[PDB]
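Peer 1: give the three-dimensional model of this entry:
(11 chains)
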Amino acid sequence: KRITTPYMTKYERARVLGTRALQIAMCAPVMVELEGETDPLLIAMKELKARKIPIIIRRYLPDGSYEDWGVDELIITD
Amino acid sequence: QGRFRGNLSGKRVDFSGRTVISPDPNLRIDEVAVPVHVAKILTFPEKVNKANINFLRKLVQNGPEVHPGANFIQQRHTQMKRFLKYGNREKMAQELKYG
Amino acid sequence: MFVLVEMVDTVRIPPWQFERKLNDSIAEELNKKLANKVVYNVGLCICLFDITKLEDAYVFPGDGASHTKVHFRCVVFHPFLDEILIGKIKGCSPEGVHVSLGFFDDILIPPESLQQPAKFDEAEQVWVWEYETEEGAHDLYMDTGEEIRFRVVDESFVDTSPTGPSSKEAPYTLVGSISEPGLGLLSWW
Amino acid sequence: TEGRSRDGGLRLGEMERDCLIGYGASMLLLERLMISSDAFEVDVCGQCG
Amino acid sequence: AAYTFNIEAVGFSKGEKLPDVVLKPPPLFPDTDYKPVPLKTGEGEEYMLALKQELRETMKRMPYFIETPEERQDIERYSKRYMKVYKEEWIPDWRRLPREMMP
Amino acid sequence: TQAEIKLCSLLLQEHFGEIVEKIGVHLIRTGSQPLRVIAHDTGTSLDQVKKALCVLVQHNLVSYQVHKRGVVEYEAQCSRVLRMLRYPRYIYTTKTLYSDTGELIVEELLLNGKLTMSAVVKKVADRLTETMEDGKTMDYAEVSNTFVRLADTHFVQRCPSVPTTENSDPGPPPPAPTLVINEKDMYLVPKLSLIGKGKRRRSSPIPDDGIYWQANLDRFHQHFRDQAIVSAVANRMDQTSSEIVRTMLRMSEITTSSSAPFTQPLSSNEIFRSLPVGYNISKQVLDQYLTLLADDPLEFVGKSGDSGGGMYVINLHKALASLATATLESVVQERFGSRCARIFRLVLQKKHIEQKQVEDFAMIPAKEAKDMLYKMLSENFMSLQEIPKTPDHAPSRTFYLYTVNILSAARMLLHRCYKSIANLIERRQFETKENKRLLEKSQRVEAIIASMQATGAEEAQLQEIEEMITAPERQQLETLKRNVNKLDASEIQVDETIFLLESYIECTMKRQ
Amino acid sequence: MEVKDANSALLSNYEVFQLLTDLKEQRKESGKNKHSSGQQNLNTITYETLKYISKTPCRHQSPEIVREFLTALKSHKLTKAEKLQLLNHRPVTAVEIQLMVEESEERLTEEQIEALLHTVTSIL
Amino acid sequence: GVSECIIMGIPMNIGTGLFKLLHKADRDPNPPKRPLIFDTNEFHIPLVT
DNA sequence: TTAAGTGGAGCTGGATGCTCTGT
DNA sequence: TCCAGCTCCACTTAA
RNA sequence: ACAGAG
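Peer 2: Numbering: from 1, shown residues only, chains lettered A, B, ... in the order given. Right below this line is the structure:
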């Protein structure tokens, strides 16, 4: 089991959108079907709403242990 | 005015601007009207990829004077910047690469 | 004559190579930095043999590339001492016999370890060998490069590193001997 | 540099650093106070330090 | 040019004769007026010099001189039995030594 | 003591090795440690700590005491490792009072640390088979006859021996068994009826179990204490006044301790008897010397008594003060000149002095003495007092009195010596490091002579030795050996500068 | 980068005969990029190695030859410095066995040495 | 701490600098290796006793 | 009688908001 | 212009 | 170093 919270925080949302926008800015594949949007951050938000970002957030408990959470399996919200 | 209060913890930055303010309610609550004289100076490095190449070709072809334009250009593995006012811009727009 | 060497690394995979499988892209990048290169204490690294353990792929802040730690085994040309190989000739000199070994070119067969009847040439670059009954003092190691047989008696490494601020000698040497019975041209034995 | 006559630029003060920490913005605090002022590289010897 | 401190507090009351300014720095080895006293010679002083060479030649060969353990040898062969450096092994008196040190 | 730690890492290197000095120096440097933290604070394996401590407890360079929870903590001895440099001075000084048999007895005790009486008389019988020929064997008996005479003059003492476990604390084994030293049998040898002959190295149940013998390095210092005082009396007056000091001190051997300002005073009625018979001297001429040596303001001797005719004592600590005085002035004359040493003896006698009185009392002018005044304060040979007029302590309203402090200049001059010896060892280990090419070249051409020397050795291998290119190279090898004979001999002679300083510092420390 | 082991195992030159052949089986699907020497150093060190291997007698072997050659050679009391060279270098006469095996006339009988002329050549 | 990450130009630990982002790469960890043929354990019992 | 541990008094060293806009 | 540490000196207890 | 401005 994984005991930390299943809600994605605002910091995880911010850094996932940041890393995915910097990866869309360099010539990486786009996991969704883009429709003319040119800003990489808007494309990262389309990949976040459609649950398609390939990032695994590594949450660190402060004793040293860790927990691999997928981005697509956290309860994302505003 | 020492190192630890003057040059390390807080330091003078660039890509900034300071102008008198004035009210406008026809904008949304999360908008700000930047003047044209500040928007021509403050630039953003937009990396070229598959999505924005045909947009950035037009923003290079407008140049540094017409407002939706570009002030510099920079190649892939080079660290120099070619100032875009000199030279032909429609040649530098047809020579853009991914990256 | 080939051995394995186990190393660790951190491989930067840029984000324009995410469409391709990671194991097919790590192995190309490691051969772009190790092939035809002598890592100092181990010998000449030919290519990667297999990747044995592949850890997780961190993305550090300030980059879109993924960095992963790679455990891998590289096939490396390193002969053990007194291993008898077969080699070719490129040319000769008064400093010794310069023996080619395919991909590798710096083998020393010195006159201090040549055969006993002939040791010093008649101001000719080509080395000689004297036998009484047939071919008296006119035998020669031909520049066309026939196969010889030798014995690598000495190997020695030199640290070829920059000394002084940064703004061609061989770091992998090899010294042999031919004096044993059965070492020399294949035409003699 | 300092002022408008010298084409100076503005200052991230000692208190606007305290406001970017309150948002938890780490890379924005890095981009304002390292990258867009005085980014630099140094030859650090790992042996003696 | 006048400096921050007062030169009159230092000295120089006449106003002239400032000390000269060094152009080329002094060498690493300034020459000395005097030399060392020569050695004490004699038949009694020379025998101590002879035995001191007979200690480095003796104490390196003793079994107390623990040589560093070899490692990362390449492979095995038959030329190993000929090259085995033979040396006898000395056992201490464990009645004196603590129990915590047996091999 | 950064110089002592550098020298101990050299003395443990040539005499014991590389992976053993890491354990010994780390106990001099850090302190008392159990065995597990020695490996952690060095980084070595646990097996090598078992090998490197058993050699250092063999030669008594490290000690131990029991602590809380039964842990065993070690402690190295800094002064005991520094006396491994005086090993050739310890073998030579027993060649004087004892024969070549006793010269090799202590030489087995110093190289092996601890030996048994059954084993040490064996090797002296063994190693002296080479020194004789024609069937004459060295027997076990006369070696013991020299050995029991060694214990009589205290040059060989028993180790602190293990106690009897059947009498003290029977049961479970303690880790460190608390070794203890006795006062009666330090020199009481066990009796031996065993004799035999030594082997000539042809290459083709124990009575003294637990009784270990080790060298007394204090007695050779008490033996070197006398030869420094007697030769100081010898050079001033006469050889005839020299033997009188030698007469009392040999009698004062067994009656006083190692640190005493005053020995037992001797009556002259038995001084005349113990004085050797080959001197043309009366009892009246004996009383002529003993009243004029006390008149010397060097004061080697004192009266200290009146009963029993002429009662006379000899000073020890005042004599070593006069030796450290002549040591501290013989280094000024050779470094700063003869005229500079005139001033250092002036401020020594006239205890507190100014600039004006030095140039008067020594007849050395202005601008020639003030250079030699200022270069001695800069080398810590002379100090100031600076008596003030005001509590402001300004340099314009005070006096400056030059003052020689002997004891602070006696430790400093000794600290110069410990770095001086280590610099000699570094120079020898530099020219031998860079020239192992030439010495192996001298080894291989002599290996043709050494290997196959007699068995099947033809005469067709004698002329091919100089055939190699080493023959013009021999000019450098003679230059190498003439350096070593000047380095290692100077390495021994600095210990003479140490011992006069080391005895003067040891006699002024109370250890309270 | 950090190095863990100078010597790990000993490879025959048959195992790399199959490897550089299988490396050629996937290569030349993509040309060199000319962004660096990243494909320059690799191509000449795979080819010129495999050409020298293709003139060794390590050709026409199999994995089930190398396993059965080391099967019969197991009881002849030879080292890894010697069992390696008998497979790859193909002794056919008696002068090279004196070089590949140290103390050859003192450990191995002349009948047993002549058996090694038959033990190698009947497998390869 | 925070105030010595801003001086050294490394990102702080609080806010968005507390967790690490991995990359979900199509990869096979501990993959099928290549078999060694010559140097196995069953064919190379050593010579010395 | 005095050794010593702890009170009270004077001396000492540190600190005192953020920026632009000009002479 | 306001505020904690550092050092000197009398003031009892206890032997 | 002084004056301004918020």
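
Peer 1: all helices for chain G, in order.
Peer 2: Secondary structure of chain G (DSSP state H): helices at G:15-26, G:40-53, G:63-72, G:80-88, G:97-100, G:104-107, G:110-121.

Peer 1: check chain C too.
Peer 2: C:22-34.

Peer 1: name the single longest helix found in chain A.
Peer 2: Chain A, longest helix under DSSP H: helix A:10-25.

Peer 1: run the chain-centre distance for it.
Peer 2: The chain centre lies 6 Å from the centre of helix A:10-25; the measure is CA atoms, centre = their mean, to the nearest Å.

Peer 1: and for stretch B:45-57?
Peer 2: For stretch B:45-57 - counting by CA atoms, centre = their mean - the centre lies 13 Å from the chain centre.

Peer 1: for the closest residue to residue G:65 other than its chain neighbours, give me its contacts.
Peer 2: Leaving aside its sequence neighbours, residue G:65 sits nearest to residue G:123 (CB to CB, 6 or more residues apart in numbering or on different chains; 6.2 Å). Using the backbone N, CA and C atoms, a C-beta is placed for each residue, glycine as well. Residues in contact with residue G:123 (CB atoms under 8 Å, 6 or more residues apart in numbering or on different chains) are G:65, G:68-69, G:72.

Peer 1: what would those look like in JSON lines with neighbour count?
Peer 2: What follows is the contacts of residue G:123, written out as JSON lines (neighbours: other CB atoms under 10 Å in any protein chain shown):
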{"residue": "G:65", "neighbour count": "15"}
{"residue": "G:68", "neighbour count": "12"}
{"residue": "G:69", "neighbour count": "23"}
{"residue": "G:72", "neighbour count": "12"}
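
Peer 1: so how far is residue B:9 from the residue in chain H that DNA strand I sits nearest to?
Peer 2: Closest contact between chain H and DNA strand I, by CB to the nearest atom of the strand, is at residue H:3 (13.8 Å). Noted for residue H:3: a distance of 7 Å to residue B:9, by CB to CB, to the nearest Å.

Peer 1: looking at those two, which one has more neighbours?
Peer 2: In terms of neighbours (other CB atoms under 10 Å in any protein chain shown), residue B:9 is the more surrounded of residue H:3 and residue B:9; the figures are 18 against 12.

Peer 1: quick one: residues contacting the nearest residue to the more buried one once chain neighbours are set aside.
Peer 2: Excluding the flanking residues, the one nearest residue B:9 by CB to CB, 6+ apart is residue D:14, at 5.7 Å. Counting by CB under 8 Å, 6+ apart, residue D:14 makes contact with B:5, B:9-10.

Peer 1: look up how far residue F:77 lies from residue B:4.
Peer 2: 50 Å.

Peer 1: and those two? which has more neighbours close in?
Peer 2: Ranked by neighbour count (other CB under 10 Å), residue B:4 and residue F:77 place residue F:77 first, with 15 against 10.

Peer 1: does the more buried one touch residue F:63 like I think?
Peer 2: Yes. Using CB atoms under 8 Å, residue F:77 is in contact with residue F:63, at 6.7 Å.

Peer 1: what ranges does the chain have for its helices?
Peer 2: Looking at chain A here, since you left the chain open. Going by DSSP H, chain A shows helices at A:10-25, A:40-49.

Peer 1: hmm, I had chain H in mind actually
Peer 2: H:3-8.

Peer 1: try the stretch 401-512 of chain F
Peer 2: Assigned by DSSP state H, counting those that start in this stretch, the stretch 401-512 of chain F shows helices spanning F:408-431, F:436-450, F:474-507.

Peer 1: mind checking what secondary structure the most far-flung residue of chain D relative to its centre has?
Peer 2: Computed with CA atoms, centre = their mean, the residue of chain D farthest from its C-alpha average is residue D:47, at 28.3 Å. Assigned with DSSP: H, G, I helix; E, B strand; the rest coil, residue D:47 falls in the coil class.

Peer 1: return the residues in contact with it.
Peer 2: With CB under 8 Å, 6+ apart, residue D:47 has no contacts at all.

Peer 1: which single residue of chain E ends up nearest chain B?
Peer 2: residue E:4 (21.6 Å; CB to the nearest CB).

Peer 1: how near is that residue to residue F:403?
Peer 2: Residue E:4 is 36 Å from residue F:403, by CB to CB.

Peer 1: who has more neighbours out of the two?
Peer 2: residue F:403 (14 against 4).

Peer 1: so who does that one touch?
Peer 2: Contacts of residue F:403 (CB under 8 Å, 6+ apart): F:347, F:351-353, F:382-385.

Peer 1: give the ChimeraX command for selecting the buried subset of those.
Peer 2: Remark: buried members of these, expressed as a ChimeraX selection using 16 or more other CB atoms under 10 Å in any protein chain shown:
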select /F:347,353,382,383
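
Peer 1: now, which of the contacts of residue F:403 sits nearest chain E?
Peer 2: Checking these one by one against chain E (CB to the nearest CB), the nearest turns out to be residue F:382, at 19.3 Å.

Peer 1: would you confirm that that closest one contacts residue F:346?
Peer 2: No. Between residue F:382 and residue F:346 there is no contact under CB under 8 Å: 10.7 Å.

Peer 1: next, count neighbours for residue C:86.
Peer 2: Neighbour tally, residue C:86, other CB under 10 Å: 15.

Peer 1: I meant residue F:48, not that one.
Peer 2: Residue F:48 has 18 nearby residues by other CB under 10 Å.

Peer 1: just residue A:67 next, same as before
Peer 2: By other CB under 10 Å, neighbour count at residue A:67 equals 14.

Peer 1: now do the same contact list for residue 41.
Peer 2: You didn't say which chain, so I picked chain A. A:17, A:21.

Peer 1: that answer is for a different chain, and I need it for chain F
Peer 2: Residue F:41 neighbours (CB under 8 Å, 6+ apart): F:26, F:30, F:33.

Peer 1: the closest residue in space to residue C:129 that isn't next to it in sequence and residue C:176, how far apart?
Peer 2: Nearest residue to residue C:129, sequence neighbours excluded (CB to CB, 6+ apart): residue C:139, at 4.3 Å. The gap separating residue C:139 from residue C:176 is 19 Å, by CB to CB.

Peer 1: and residue F:322, by the same measure?
Peer 2: Taken as CB to CB, the span from residue F:322 to residue C:176 is 73 Å.

Peer 1: what sits against the closest residue to chain C within chain E?
Peer 2: Of all residues in chain E, residue E:74 sits closest to chain C, at 5.1 Å by CB to the nearest CB. Residue E:74 makes contacts with C:80-81, G:7, as judged by CB under 8 Å, 6+ apart.
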